[PDB]
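Heads up, the thing below is written out as structure tokens.
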Amino acid sequence: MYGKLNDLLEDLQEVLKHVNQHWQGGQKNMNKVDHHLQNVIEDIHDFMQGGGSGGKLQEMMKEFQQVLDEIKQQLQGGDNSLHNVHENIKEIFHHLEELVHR
């Protein structure tokens, strides 16, 4: 149980927090999406337990890529803020599969 996950988890729930305030192009997604990550952020937190849930992570992976391609579409509008946060998930999301690609 290294802990870096908290870095992925905390860094993930953050982009989600700095995003719910800069959401644009569908004030209805800010919610539907909140459930997409909430379920994921929980997976990462569950990655430290077995410090290797490559079997439980590849699961939210789809839910993870479901948000990355979702908010990215919200960048259509005054969401120039997401452009700064939406850029996180890209590396952040691929950052977890990296703590397991060991």
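Residues in the structure tokens are named by chain (A, B, ... in the order shown) and by number from 1 within that chain; ligands are numbered from 1 in the order shown.
The protein and nucleic acid residues lying at most 12 Å from residue 38 in chain A are residues 9, 10, 12, 13, 14, 16, 17, 30, 31, 32, 33, 34, 35, 36, 40, 41, 42, 43, 44, 45, 60, 63, 64 and 67 of chain A, with only C-alpha atoms considered and sequence neighbours fewer than 2 positions away removed.
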message: Calculated over only C-alpha atoms, which of the candidates A:88, A:80, A:73, A:53 has the smallest distance to residue 100 in chain A?
response: A:53
All residues 10 Å or closer to range 18-26 of chain A, only C-alpha atoms, same chain fewer than 6 positions away omitted, as a PDB file with N, CA and C atoms, in the first residue's frame:
```pdb
ATOM      1  N   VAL A  33     -22.427  13.240 -14.752  1.00  0.00           N
ATOM      2  CA  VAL A  33     -20.963  12.960 -14.724  1.00  0.00           C
ATOM      3  C   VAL A  33     -20.508  12.782 -13.273  1.00  0.00           C
ATOM      4  N   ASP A  34     -21.042  13.563 -12.376  1.00  0.00           N
ATOM      5  CA  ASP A  34     -20.642  13.438 -10.946  1.00  0.00           C
ATOM      6  C   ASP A  34     -20.789  11.983 -10.502  1.00  0.00           C
ATOM      7  N   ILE A  71     -16.577  15.385 -20.648  1.00  0.00           N
ATOM      8  CA  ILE A  71     -16.227  16.809 -20.396  1.00  0.00           C
ATOM      9  C   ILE A  71     -15.524  17.382 -21.627  1.00  0.00           C
ATOM     10  N   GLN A  73     -16.165  17.163 -24.492  1.00  0.00           N
ATOM     11  CA  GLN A  73     -17.211  17.719 -25.392  1.00  0.00           C
ATOM     12  C   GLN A  73     -17.744  19.022 -24.794  1.00  0.00           C
ATOM     13  N   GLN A  74     -17.696  19.150 -23.496  1.00  0.00           N
ATOM     14  CA  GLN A  74     -18.200  20.395 -22.848  1.00  0.00           C
ATOM     15  C   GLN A  74     -17.264  21.558 -23.178  1.00  0.00           C
ATOM     16  N   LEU A  75     -16.052  21.268 -23.562  1.00  0.00           N
ATOM     17  CA  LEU A  75     -15.097  22.362 -23.894  1.00  0.00           C
ATOM     18  C   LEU A  75     -15.694  23.246 -24.988  1.00  0.00           C
ATOM     19  N   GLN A  76     -16.832  22.875 -25.506  1.00  0.00           N
ATOM     20  CA  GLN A  76     -17.466  23.696 -26.574  1.00  0.00           C
ATOM     21  C   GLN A  76     -18.237  24.855 -25.938  1.00  0.00           C
ATOM     22  N   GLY A  77     -17.563  25.933 -25.639  1.00  0.00           N
ATOM     23  CA  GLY A  77     -18.258  27.095 -25.015  1.00  0.00           C
ATOM     24  C   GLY A  77     -17.293  27.825 -24.078  1.00  0.00           C
ATOM     25  N   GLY A  78     -17.803  28.672 -23.227  1.00  0.00           N
ATOM     26  CA  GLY A  78     -16.914  29.417 -22.290  1.00  0.00           C
ATOM     27  C   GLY A  78     -16.302  28.445 -21.280  1.00  0.00           C
ATOM     28  N   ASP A  79     -16.108  27.215 -21.670  1.00  0.00           N
ATOM     29  CA  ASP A  79     -15.513  26.220 -20.733  1.00  0.00           C
ATOM     30  C   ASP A  79     -13.987  26.308 -20.803  1.00  0.00           C
ATOM     31  N   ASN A  80     -13.463  27.416 -21.252  1.00  0.00           N
ATOM     32  CA  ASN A  80     -11.981  27.550 -21.339  1.00  0.00           C
ATOM     33  C   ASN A  80     -11.364  27.181 -19.992  1.00  0.00           C
ATOM     34  N   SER A  81     -12.178  26.989 -18.991  1.00  0.00           N
ATOM     35  CA  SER A  81     -11.640  26.603 -17.661  1.00  0.00           C
ATOM     36  C   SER A  81     -11.390  25.101 -17.681  1.00  0.00           C
ATOM     37  N   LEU A  82     -12.321  24.356 -18.207  1.00  0.00           N
ATOM     38  CA  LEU A  82     -12.133  22.888 -18.287  1.00  0.00           C
ATOM     39  C   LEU A  82     -10.868  22.618 -19.094  1.00  0.00           C
ATOM     40  N   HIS A  83     -10.660  23.374 -20.137  1.00  0.00           N
ATOM     41  CA  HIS A  83      -9.435  23.183 -20.958  1.00  0.00           C
ATOM     42  C   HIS A  83      -8.244  23.029 -20.017  1.00  0.00           C
ATOM     43  N   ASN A  84      -8.335  23.604 -18.849  1.00  0.00           N
ATOM     44  CA  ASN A  84      -7.221  23.492 -17.871  1.00  0.00           C
ATOM     45  C   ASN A  84      -7.460  22.276 -16.978  1.00  0.00           C
ATOM     46  N   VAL A  85      -8.698  21.966 -16.701  1.00  0.00           N
ATOM     47  CA  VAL A  85      -8.994  20.794 -15.839  1.00  0.00           C
ATOM     48  C   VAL A  85      -9.166  19.556 -16.719  1.00  0.00           C
ATOM     49  N   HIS A  86      -9.952  19.664 -17.754  1.00  0.00           N
ATOM     50  CA  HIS A  86     -10.157  18.501 -18.659  1.00  0.00           C
ATOM     51  C   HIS A  86      -8.793  17.951 -19.084  1.00  0.00           C
TER      52      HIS A  86
END
```
statement: Here CA of residue 51 in chain A and CA of residue 94 in chain A stand apart by 17.0 Å
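Our summary of the geometry notes that CA of residue 65 in chain A is positioned 7.9 Å from CA of residue 93 in chain A.
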Using only C-alpha atoms: which of A:52, A:57, A:89, A:70 has the shortest distance to residue 102 in chain A: A:52
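Shortest separation to residue 69 in chain A among A:4, A:95, A:101, A:90 occurs at residue A:90, atoms counted being only C-alpha atoms.
The nearest approach to residue 15 in chain A among the residues A:49, A:87, A:2, A:27, with only C-alpha atoms taken into account, belongs to A:87.
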